[PDB]
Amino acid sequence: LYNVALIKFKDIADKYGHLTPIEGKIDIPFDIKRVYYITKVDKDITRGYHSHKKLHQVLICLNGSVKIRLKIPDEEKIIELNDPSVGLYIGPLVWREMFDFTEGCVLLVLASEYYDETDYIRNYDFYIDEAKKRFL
């Protein structure tokens, strides 16, 4: 619900294939300080299990499909990403888990800050405690 959006990118498609460009501050609202990507995840696996207080991210499935379970206090949605020209914006204090990674799935993440363990919330009870103060 809150703090999440689907963002639509340009998709230049012709006989040479498809290309999507993303420029920091233009196609997404922040500068891209860091990217990471997740591949070769087994079909029965669920990963993620984290939130953040300060980071903004955009998640994009560049091949195959993956399901993202987004939680905030009292609220939960599952969004399937399967189109490289669509990004899932996730702002602060949303908890996420990802599952149903397909064969050959590639999940790319663009992030608004360098990695900072102090801002990675990995303990769900701590999450709930911080998040109910924001959302409730």
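Don't overthink the numbering: it's just position in the shown sequence, from 1.
Trainee: For the stretches 28-36 and 41-49, which has the higher mean C-alpha B-factor as given in the deposited record?
Mentor: For C-alpha atoms only, the mean B-factor is higher in 41-49.
Trainee: Using only the Cα atoms and their B-factors as the entry lists them, report which of 19-27 and 112-120 averages higher.
Mentor: Result of the comparison: 112-120.
Trainee: Going by the recorded CA B-factors, say which third of the chain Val4 sits in, lowest, middle or highest.
Mentor: Middle third by C-alpha B-factor.
Trainee: Can you tell me whether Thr102 has a C-alpha B-factor in the lowest, middle or highest third compared with the other modelled residues of the same chain?
Mentor: CA B-factor rank for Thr102: highest third.
Trainee: Relative to the other modelled residues of the same chain, rank the CA B-factor of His56 and answer lowest, middle or highest third.
Mentor: For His56, the deposited C-alpha B-factor lands in the lowest third.
Trainee: Grab the CA temperature factor for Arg69 from the record and place it in the lowest, middle or highest third of its chain.
Mentor: It belongs to the middle third of the chain when residues are ordered by C-alpha B-factor.
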